[PDB]
Amino acid sequence: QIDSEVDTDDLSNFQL
Amino acid sequence: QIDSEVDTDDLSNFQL
Amino acid sequence: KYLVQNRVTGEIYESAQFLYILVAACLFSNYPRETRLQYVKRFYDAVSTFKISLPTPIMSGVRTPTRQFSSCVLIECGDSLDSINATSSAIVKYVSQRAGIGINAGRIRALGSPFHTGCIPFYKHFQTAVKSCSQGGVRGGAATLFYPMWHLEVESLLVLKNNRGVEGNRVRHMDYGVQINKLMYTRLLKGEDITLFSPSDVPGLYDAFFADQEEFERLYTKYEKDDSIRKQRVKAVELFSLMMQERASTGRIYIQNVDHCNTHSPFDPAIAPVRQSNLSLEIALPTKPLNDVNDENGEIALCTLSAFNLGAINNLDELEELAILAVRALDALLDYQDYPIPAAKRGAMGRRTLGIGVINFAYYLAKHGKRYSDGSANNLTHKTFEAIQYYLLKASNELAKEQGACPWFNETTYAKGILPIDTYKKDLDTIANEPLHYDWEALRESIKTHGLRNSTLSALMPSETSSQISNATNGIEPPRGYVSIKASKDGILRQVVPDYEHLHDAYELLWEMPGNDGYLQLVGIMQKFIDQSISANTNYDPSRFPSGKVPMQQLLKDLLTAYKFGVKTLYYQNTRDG
Amino acid sequence: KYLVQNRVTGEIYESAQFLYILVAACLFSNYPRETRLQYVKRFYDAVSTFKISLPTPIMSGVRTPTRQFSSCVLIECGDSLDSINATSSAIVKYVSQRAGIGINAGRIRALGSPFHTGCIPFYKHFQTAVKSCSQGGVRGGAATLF
Amino acid sequence: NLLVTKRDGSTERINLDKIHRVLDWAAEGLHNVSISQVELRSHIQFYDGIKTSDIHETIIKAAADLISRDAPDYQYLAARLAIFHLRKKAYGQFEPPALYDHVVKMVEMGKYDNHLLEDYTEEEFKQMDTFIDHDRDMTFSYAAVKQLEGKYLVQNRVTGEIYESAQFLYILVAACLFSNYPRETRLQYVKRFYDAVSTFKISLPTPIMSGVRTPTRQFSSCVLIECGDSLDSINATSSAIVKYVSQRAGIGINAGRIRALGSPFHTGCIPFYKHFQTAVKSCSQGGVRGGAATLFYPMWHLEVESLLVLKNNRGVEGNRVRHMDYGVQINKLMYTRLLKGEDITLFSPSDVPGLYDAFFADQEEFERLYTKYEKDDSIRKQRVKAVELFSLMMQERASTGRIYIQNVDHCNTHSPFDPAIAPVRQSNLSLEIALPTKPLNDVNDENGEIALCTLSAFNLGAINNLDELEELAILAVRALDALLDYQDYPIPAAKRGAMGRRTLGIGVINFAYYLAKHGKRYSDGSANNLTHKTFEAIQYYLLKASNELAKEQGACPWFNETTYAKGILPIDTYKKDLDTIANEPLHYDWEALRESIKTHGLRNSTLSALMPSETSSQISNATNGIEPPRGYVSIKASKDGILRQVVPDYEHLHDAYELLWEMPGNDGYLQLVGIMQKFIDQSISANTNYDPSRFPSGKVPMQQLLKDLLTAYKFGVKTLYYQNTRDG
């Protein structure tokens, strides 16, 4: 089973 | 789970 | 399953060397006496000594009265009942011959549009189409079905194999490939919303999704302002979460990055875009929907497979002779094999597409003292996969000079002088510095002038049955263990990874990897040269995480990583169990 | 079910005797001018006084732009993938226009024969064809297999 | 090239060398740690455009993921990398600002208390700034730094900002606690207490650790309330709880006086127990996690049978109160009935005048009254077989591990309180606190009394020899006594107990580790004389420090109610069977101290109590309280990954340790508790432990449960907390 740890600030940094 | 081994003779010896 | 045998009486009629010589014979039968036999000898040697690995239908069939060799087909389905029926009939025909199917069905309009009933009842029909020739509706017959992430009905579709619903809104026994691009991800990063449309209400939007990212930009934002157009607004984090949640639990919801499939492709997305993949997600070819099972104007993609054994070659220059042998053998098969559906014959004769991949990659990394997880294998992968693509391109180029380019060659980026080394995701520069070793500029010119016999040459497929024959690690996957266990009527079948004795500590088994980053960097590096795509997995061990739960943050992170390094497709997610 | 009306707005546009009269007018529209209106009148009387009863598709369709009136179709399937596919396509086309189906499938060869995998997978495929145009695979579209 | 997004919001080239230097800086002095390994495991996770802060998170976690028995030093590498990270966050650089500049800035921000600026001059902050050694931060384990960052360091809980570092925390705690001392001695006290706590000799509890220096005055973490047998008292008790749990205190409730169901309050105890439970949970996240209580009642309460099954998950909702713990109260006579195989008589406390009082205060008076009311059959009663009642209790104790035992006679025969004036009639949440209480009329009743205790502990693994405890006891008593005058009291009866008795509970941590380095064990008796020697040092020197304090600042208002005041000492009152299991003589001059106590009294009515430490002892990487470790490596979860901790000095002492499940039984451990109890003012959080596989058919026999119970009784054990049962 999985945890819904979704941190929008953490993500937003990434450059595609 | 536990066993209800209660021996009254065994106990009665003990000095408090 | 390979040796010509009586399936009724259990009699075996041949041995492995007769199998190999005769395969060589049928594939070169049409060569001139001048060269015929020398080709036959060299290809026999290559396959009998495990340098070239042959797929199952070729292994069991060539030399026999059969002409059924197509093991994977790709069908696009248009948004009409005629096309739906045509798609369905094609499937039935192909699965009766054991082909695996890739179905694009993203064009079918959503439930509630001006076909009132939507996608799911048709998906169900494709599933029964796939299972129409199966033992009892279970084992055998397999398909992956593709649709865009922004399809209005996407939420219902993401939960289709979730064993936890009512029968009417479930299609459990197919796999699904969700299609994503740059913009879909940006919405996730920026924390914004994603707008869901039925493909039928947004003219020109589906086309751009694959062929033209900036055109998709304008049309998408346009149709978002225009509120006479039927729409649903969803939070990007929730949609990605749902997808990954269903991917995590079934391991069978795939990802396709449709922009990468077209920006870094051997095809001009304007003329022949890549809009889907196959069963295992390594094939990436153009398709066109059909009017009718026998529609001449339709196009079903086909690919003929083989692989190099990286553990049987001593040095990379051996791949020249091997590539000549592999391209020429598989190209001859195109002219040899039956085509039960006219649109399939169209794709095969027009584009002449091949998918030659690798086996023994784990073993190969082991003997060079490199690993998957740490970056230590980066420049070696770059060097190894440049050799592969340069020499395949070379072999097909010599073949074009000898026997003429492929009819539809003019539709490739190759024809315009473009090459994979020109189009690859530019972030690969930051994770490898291996220079190029082969003369790519001379080859460019030689391709300009004389073209290629085949529109694609390379694709990294999983091998499973194949690689057992030469005792090899599967495809590009790290082994799960030193010893592989299987059941049979005859007892426990065991196999030991090759050269365990000298290399046990050199291997890096799957669960020894701290994470996915190292593996995905290698896939990206391989993808620089690969025409089509790669069957790449993500893997997770619960015990490496607090309370044995894999966080969403890591799932989305590894997804974005694969995107960042130009990964086209993501196949299985494997979760370890205690 | 019957009176011409709006799907979206629920607005009803006609009454029963217009329904009856125009059904008559449509069906006898091609009769010669010496009998046409005589037929129209007599048929109108027959239906509006309930002597002749007309099925749902005629009742709702005849007088409107549509030409879909077939409520029941019978299809025989041959023992071949070409026939099985054609039967499937036919069912889809017809269930799409709300018709009920009789499917003869007694010719498909049994499990184990030189098809090999049996009738049941094909029967399943007929079922999804029958259900391809309904609800979430239940409401609308019905069939009987022989 | 690889680009990094800087702290503000702009990009730059990746500095691979700066990262390597920080890693090399962190590894200095460490053994068995590969900087190269950490570099490979974190470098692979970087991406073009990565935030600078996430690079730090990645290297820290990389080091933390390698913590193990074979390479325990990754504890320190990971730690120092975090300290380094935390420094930049708080100050924008590695070097902390000057103390004064920091104090000023923080007061302005409303995060530090402004009295600091009043109580101290700039020149005095300059001098305190010289006491400090910021490099002591290099001495925390990873788990320790996670605790500092989680819940100790003054931080913005909204924006996630950290404002200080561990040495500012320590100096300022020293400052607030000694602020009222005369200039003559003020600063030397400040230095010495800073040293003691910054070098882990003295361990501080959570509310003190996170609060002192801040504008808060909420420091009471455990309260004890007695409830009388009336609706006014019931409501008063209930209101007190609500007030205290809203401040995160743990509660000990005595409710044994409430009359039984069916008496002349027709409805009995349980509906009121339910009410106390909702009182306790009234400030909890969703009625579950947070807010805790233990509820005490006598074994002979008429309604006892219903009460023993209250958390038994196996009933109907109306007769269950699952989310509190219970402490059953027993004495000599209750046990004798068990031994003799006889019956036990159950009474409602309301039908047997003077019986409840004697139960705690006077064992022979209880004798006469009990036997009397047993003959007198106009008095409402139930007769139960002693074996069945003890069996039921132990059966519920075994399965929930959360039915406790209190020996009320031991709590009063061997006590710093005259049971005639101020008896001990209950304990706290964890069962180490043992103080007098009085029931309340009203939330604001001046005549009521709620017991309070201020805690701390000595780290037995940071002291080289027992004579260090003199300076440490002076420091610990004086610091905690000053806190009594500093902290708020939201309920008047609580202020009464704290100002009247001035009670303290200073205990120990690292006891397992300490036994290990002296080559002794829990289970075999090999640690007996060492425990006697160690715990005599503790109590003699605490008594001494409080005695010097009484001479300097006057004894505690209610001192005359202690056995101390009558010249009596713990060495006079202890259970006399301890003589048969240790022969360590007394090393310190107890007779001179007796006289000095006679004359000048004690600042505090109690000084010692052995509490479980859990969060506390992580800070100094220590074994918990007096408990043997379960394993060499302790695993915990957090938002940031798996947090691992290795028992201290594993490298040299792995075979010296005796882990919990290596103990053949409980006897050895209980002998040490008894020996400790000879000197301890209050009580000890002592567990019993059982491994099923050491027994036939994996079932723990009742005979052994009752035996270990009687053992604890025989050696003067006051309380028995958890029963832990191992699982396969």
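Every chain is numbered from 1 and lettered A, B, ... according to where its sequence line falls, protein lines coming before strand lines. When reading the values below, keep in mind they use all heavy atoms of this one structure, side chains included, and skip hydrogens, waters and symmetry mates.
- Other residues, nucleotides and ligands contribute at most 12 non-hydrogen atoms within 6.0 Å of the CZ atom of C:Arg480.
- Taking OG1 from A:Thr8 and NZ from C:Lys235, the interatomic distance works out to 10.0 Å, rounded to the nearest 0.5 Å.
- Interface check for chain A: of the options C:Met244, C:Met552, C:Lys182, C:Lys190, the most heavy-atom pairs under 4.5 Å are formed by C:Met552.
- Between C:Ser547 and A:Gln1, the closest heavy-atom pair is O-OE1, 4.3 Å.
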Trace of the side-chain contact (heavy atoms from CB on, under 4.5 Å) decision for A:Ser4 with C:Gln245: CA-CA 9 Å; A:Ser4 302; C:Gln245 212 168 304; 4.2 Å; yes

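- By the 6.0 Å contact criterion, CZ on C:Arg164 is open, its count of non-hydrogen atoms from other residues, nucleotides or ligands being 12 or less.
- Interface residue C:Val550: backbone and side-chain heavy atoms are both found under 4.5 Å from chain A.
- Only the side chain of C:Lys425 comes within contact range of chain A, with heavy atoms under 4.5 Å apart.
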Intermediate values then yes/no, side-chain contact (heavy atoms from CB on, under 4.5 Å), A:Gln15 and C:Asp427: CA-CA 10 Å; A:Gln15 288 183 12; C:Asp427 292 68; over 6 Å; no

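- Using a 4.5 Å cut-off between heavy atoms, C:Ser241 touches chain A through its side chain atoms alone.
- Contacts of C:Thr575 with chain A are absent, with no heavy-atom separation under 4.5 Å from either backbone or side chain.
- A 4.5 Å side-chain heavy-atom check between A:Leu16 and C:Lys564 finds every atom pair outside the cut-off.
- Side-chain contact check for A:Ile2 versus C:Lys549: every heavy-atom pair is 4.5 Å or farther apart.
- Between chain A and the residues C:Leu556, C:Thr186, C:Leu560, C:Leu555, the largest count of heavy-atom pairs under 4.5 Å involves C:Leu560.
- Taking chain A as the reference chain and counting heavy-atom pairs below 4.5 Å, the highest number among C:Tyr563, C:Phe240, C:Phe565, C:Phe545 is found for C:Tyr563.
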